[PDB]
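Inspection log for the structure reproduced underneath, given as structure tokens.
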2 protein chains.
Amino acid sequence: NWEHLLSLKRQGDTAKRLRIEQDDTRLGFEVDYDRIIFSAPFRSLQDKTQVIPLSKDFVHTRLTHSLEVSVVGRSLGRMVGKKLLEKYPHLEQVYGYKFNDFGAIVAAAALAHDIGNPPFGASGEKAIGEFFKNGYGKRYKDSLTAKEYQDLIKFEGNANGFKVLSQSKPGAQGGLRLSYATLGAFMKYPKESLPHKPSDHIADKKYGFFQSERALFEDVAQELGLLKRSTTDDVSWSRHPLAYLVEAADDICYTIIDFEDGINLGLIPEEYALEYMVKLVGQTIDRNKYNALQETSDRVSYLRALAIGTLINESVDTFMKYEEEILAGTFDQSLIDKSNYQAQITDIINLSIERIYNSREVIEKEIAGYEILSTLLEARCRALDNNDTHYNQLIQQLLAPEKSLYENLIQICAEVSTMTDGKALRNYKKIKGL
Amino acid sequence: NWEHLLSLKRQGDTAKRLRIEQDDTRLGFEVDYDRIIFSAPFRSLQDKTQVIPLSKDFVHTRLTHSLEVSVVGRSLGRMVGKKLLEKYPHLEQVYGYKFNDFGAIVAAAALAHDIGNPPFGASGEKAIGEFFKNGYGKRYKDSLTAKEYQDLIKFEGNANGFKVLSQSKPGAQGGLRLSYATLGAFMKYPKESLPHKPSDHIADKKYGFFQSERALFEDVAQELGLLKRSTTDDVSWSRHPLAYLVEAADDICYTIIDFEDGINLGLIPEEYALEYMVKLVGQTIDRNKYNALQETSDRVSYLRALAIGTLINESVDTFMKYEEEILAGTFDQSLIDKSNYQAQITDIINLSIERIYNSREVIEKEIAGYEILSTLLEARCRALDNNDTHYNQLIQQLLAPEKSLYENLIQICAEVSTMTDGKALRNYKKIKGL
Ligand SMILES: Nc1nc2c(ncn2[C@H]2C[C@H](O)[C@@H](COP(=O)(O)OP(=O)(O)OP(=O)(O)O)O2)c(=O)[nH]1
Ligand SMILES: Nc1nc2c(ncn2[C@H]2C[C@H](O)[C@@H](COP(=O)(O)OP(=O)(O)OP(=O)(O)O)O2)c(=O)[nH]1
Ligand SMILES: Nc1ncnc2c1ncn2[C@H]1C[C@H](O)[C@@H](COP(=O)(O)OP(=O)(O)OP(=O)(O)O)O1
Ligand SMILES: Nc1ncnc2c1ncn2[C@H]1C[C@H](O)[C@@H](COP(=O)(O)OP(=O)(O)OP(=O)(O)O)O1
Ligand SMILES: [Mg+2]
Ligand SMILES: [Mg+2]
Ligand SMILES: [Mg+2]
Ligand SMILES: [Mg+2]
């Protein structure tokens with residue numbers, strides 16, 4: 001039920017924090033927002049790849065993408081919360097909740113939803129995985145549990161993001177110490193790395209936490225009241241209802257903005273821009289304003305602003321139509337896939353894949369990223385092995401100012417993923433002496 | 001005794017050169033000085049690392065360090081020689097020696113005391129060793145004698161310096177053909193590479209000659225009358241008395257100048273400069289002059305000039321107090337370790353280690369040096385193996401305008417150590433085509 005889903009608990013708490021005992025100027029979710037804003041992991045997003053590597057231009061990075069997702073998520077959360085308190089009046093009438101709380105939760109979750117991504121993006125994650133699969137790290141296969149090896153060979157940015165958010169350090173336990181509602185709404189694949197893709201459900205495409213933090217998530221999963229889907233030997237719970245909204249906001253934003261940026265770069269003609277969006281923007285377009293503009297940028301910006309407004313309302317309608325199934329855990333798709341504009345979205349995505357992801361420029365950067373990440377990971381792993389050599393001591397002093405082998409390897413992968421693109425490239429040249 | 005220690009013999013001589021038959025304008029030790037000054041190995045010291053690699057700035061290189069050590073050694077030798085001829089009048093009264101001869105010997109020995117060091121310094125030597133230990137060169141372990149392999153895996157700059165000084169070439173035997181007193185005073189570890197650190201004595205921390213020149217040193221060791229410390233299967237003699245003075249001069253100079261340069265660079269505050277040297281400079285400091293100066297450079301230069309003058313006199317006193325033990329071979333430490341200022345010296349050294357050697361700047365350069373040296377050594381060794389390939393012929397023509405395997409490997413290591421830092425880096429890029 002909804003009372004346990006909006007928990008204000010933080011790690012290490014003993015008492016019970018109640019909504020009616022909060023300070024209304026600064027609620028806990030706003031504190032979460034402010035704690036994410038002021039941290040270094042959030043700042044490192046400014047020079048991390050969204051689509052085009054090493055482009056910190058007029059193209060998007062992870063930071064600006066996260067900000068746009070935050071705005072869209074705040075809007076979605078406010079509408080859905082107003083409709084929910086309309087449906088269940090006891091929430092507001094007894095517990096003391098307002099529709100701004102839902103917006104704060106979704107905004108905070110959407111702000112930190114990519115905070116664990118490594119440099120170079122998808123190619124970076126695949127390179128980290130291939131290093132342990134077919135490279136040097138393969139030699140560790142026999143020393144590790146099967147699920148730990150699966151963690152290392154299918155490295156996921158979501159698990160690393162959870163690790164960053166809930167990291168324990170000497171003298172400061174809990175990390176950022178976010179609320180449990182925010183951690184639940186941030187969590188989109190509540191399962192371990194094995195088994196690999198059991199079903200066709202949407203919460204099974206990947207995994208969301210490592211083996212070193214499973215216990216932590218267990219605590220979270222038992223406070224919110226999430227339904228359990230497996231207890232044999234591998235735990236898996238159902239989604240928090242607001243993770244659907246977070247995912248919808250992320251999908252809308254990147255789907256539209258990638259097209260707009262590709263048009264502005266010179267890779268997609270504007271005829272496609274009008275053709276694939278006339279249906280989306282037809283219900284609110286004022287042709288006069290469209291015909292007055294004299295630049296491609298103004299036209300594409302107008303079209304994007306209209307399309308986002310249409311899609312947000314459609315998503316809210318879908319969520320309120322399937323609320324019961326979502327709360328019961330039986331809803332196996334995304335809110336976007338149940339929309340009237342699926343064909344247009346698929347056409348835009350296919351055009352983006354053909355014209356942007358496979359561009360020469362984009363390709364060369366990913367190959368360079370593969371080389372850089374492999375070099376840095378091999379250096380760290382060889383330093384971890386010997387430990388007695390002078391060279392090993394130098395590498396330790398440069399790249400790292402009692403734990404198990406799995407903990408050491410996962411820490412190595414986490415430290416590689418903190419770097420930006422430029423810092424990784426600079427370290428690569430310094431290692432090579434170039 | 002002292003008559004045989006000041007020998008004027010050169011390699012290949014048949015007759016006996018006597019001191020009273022010399023030309024007083026140009027004695028043999030001055031000829032040694034002039035022969036070292038005009039050679040190419042001495043010139044290559046201008047772009048070789050002392051502390052900070054690739055800094056040929058206002059920081060020291062090996063050449064300027066060697067010049068300062070030469071000045072301090074000349075002073076020490078003159079004082080000790082005057083006191084010795086005071087103690088033993090028969091030297092001057094019969095053989096015809098003057099106290100300038102001791103200064104000439106110590107100056108010539110201190111001028112060439114680092115002439116065998118490779119590029120990048122201590123990290124360079126360790127890289128050359130690690131190449132044979134854990135790298136490609138390990139494959140030769142089974143083809144070599146144990147002492148030869150120990151030579152190759154504990155590569156020493158002192159042995160390479162002896163090799164440079166006493167190198168035989170077609171048409172010119174003996175190399176620079178220095179006097180035997182100078183060669184003895186240059187020699188600080190008269191032993192082979194095995195056994196490794198037998199005792200806690202000071203002449204056992206390392207080794208001083210390779211297996212290809214052992215015979216040569218034997219000749220020297222039998223002309224001076226050095227005492228023998230082992231004859232089972234590994235030869236080891238005692239130190240020439242003036243090697244103590246050479247080592248004292250080297251220690252004083254680098255200990256003070258490293259601190260001064262670190263202060264001038266911006267890595268050590270000046271408060272430490274006054275705190276750790278007030279005791280050293282207290283007996284001769286004129287506060288008026290110190291308070292008149294208005295720059296950090298002038299103050300640190302004043303303090304250094306006072307400290308060197310104090311330490312020189314203390315070292316002379318220690319040498320004359322323990323002369324009998326030194327001549328008997330029973331003196332197991334250095335003249336610096338028997339001084340009243342050991343605590344201040346240790347504090348300055350520890351500060352230098354924490355603040356200069358482990359700086360980021362310093363660290364990155366050493367890692368690059370490791371990469372460069374490993375690449376060049378592997379290329380030379382692979383050229384030495386196959387010999388029939390076209391690529392091998394090209395590498396031979398580029399890097400080298402009937403001998404055993406050990407001779408070939410030691411010649412490879414000697415040719416790598418002739419390069420400066422810049423030349424090694426340029427060759428590395430040319431090999432990589434960058
Ligand atoms: N350059 C390049 N970019 C790609 C590729 N695949 C995806 N992208 C970029 C374009 C999208 O704007 C961006 C979205 O990345 P996400 O990790 O957020 O993807 P997704 O929504 O599938 O999220 P997920 O990790 O599955 O929850 O990734 C690719 O193969 N190459
Ligand atoms: N960058 C760097 N410099 C070092 C390190 N260790 C020593 N040095 C530098 C600082 C000293 O001024 C300089 C002295 O080198 P030497 O080879 O003359 O040393 P030492 O007096 O121990 O002579 P030795 O070869 O044992 O007779 O070496 C190190 O780990 N890193
Ligand atoms: N409903 C919404 N909620 C949140 N963000 C939105 C919404 N609609 C659009 N956005 C995003 C994308 C737009 O470029 C940007 C500004 O929105 P907005 O000013 O309402 O758009 P617009 O230019 O279509 O205005 P209008 O509807 O007044 O003509 O915010
Ligand atoms: N006794 C010495 N013998 C040889 N070199 C020395 C001696 N003392 C110092 N040095 C070195 C380091 C000094 O910076 C440099 C010049 O010495 P010097 O001019 O005597 O020093 P100073 O500035 O202390 O002079 P003074 O004693 O006249 O005040 O030579
Ligand atoms: Mg995102
Ligand atoms: Mg609008
Ligand atoms: Mg020296
Ligand atoms: Mg003086």
Side-chain angles (χ1 to χ4, degrees), chain A residues 40 44 47 54 119 131 135-140 364-365 367-370 372-386 389-392 394-395 397-401 412 416 418-434, chain B residues 49 52-54 118-129 131-138 153-155 353 355-359 362-370 372-378 419-434:
Chain A
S44 63
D47 184 349
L54 288 157
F131 172 86
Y136 180 94
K138 160 178 58 170
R139 62 180 295 175
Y140 301 102
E364 290 152 311
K365 298 293 183 182
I367 285 174
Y370 264 71
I372 295 155
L373 288 190
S374 290
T375 289
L376 291 169
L377 279 156
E378 182 148 334
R380 280 296 298 267
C381 277
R382 262 178 217 271
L384 171 67
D385 287 329
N386 289 337
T389 325
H390 180 243
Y391 182 76
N392 300 138
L394 283 177
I395 290 279
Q397 293 177 335
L398 188 153
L399 268 167
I412 286 171
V416 176
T418 300
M419 302 170 209
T420 60
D421 305 3
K423 170 148 147 168
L425 187 54
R426 203 184 316 121
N427 283 348
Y428 169 74
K429 293 181 176 67
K430 293 187 286 185
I431 287 290
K432 295 293 188 291
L434 294 174
Chain B
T49 295
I52 301 189
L54 287 157
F120 296 97
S123 281
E125 317 172 27
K126 294 181 176 67
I128 289 168
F131 172 86
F132 286 107
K133 182 68 181 294
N134 305 340
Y136 180 94
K138 160 178 59 170
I153 66 165
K154 298 291 180 68
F155 197 65
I353 286 177
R355 298 273 191 151
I356 304 182
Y357 302 172
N358 289 284
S359 297
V362 183
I363 299 292
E364 290 152 311
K365 298 293 183 182
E366 309 185 316
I367 285 174
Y370 264 71
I372 295 155
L373 288 190
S374 290
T375 289
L376 291 169
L377 279 156
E378 182 148 334
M419 302 170 209
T420 60
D421 305 3
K423 170 148 147 168
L425 187 54
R426 203 184 316 121
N427 283 348
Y428 169 74
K429 293 181 176 67
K430 293 187 286 185
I431 287 290
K432 294 293 188 291
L434 294 174

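Letters A, B, ... mirror the listed sequences (proteins, then strands); counts begin at 1.
Going from atom CG of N358(B) over to atom CG of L398(A) covers 11.5 Å, rounded to the nearest 0.5 Å. The NZ atom of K432(B) sits 9.5 Å away from the NZ atom of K432(A) when rounded to the nearest 0.5 Å. To the nearest 0.5 Å, atoms OG1 (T389(A)) and NZ (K126(B)) are separated by 12.5 Å. How far CD of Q397(A) is from CD1 of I367(B): 9.0 Å, rounded to the nearest 0.5 Å.
The minimum heavy-atom distance between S123(B) and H390(A), with the atom names listed, is OG-CE1, 3.4 Å. Shortest non-hydrogen contact noted between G433(A) and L425(B) is O-CD1, 4.1 Å.
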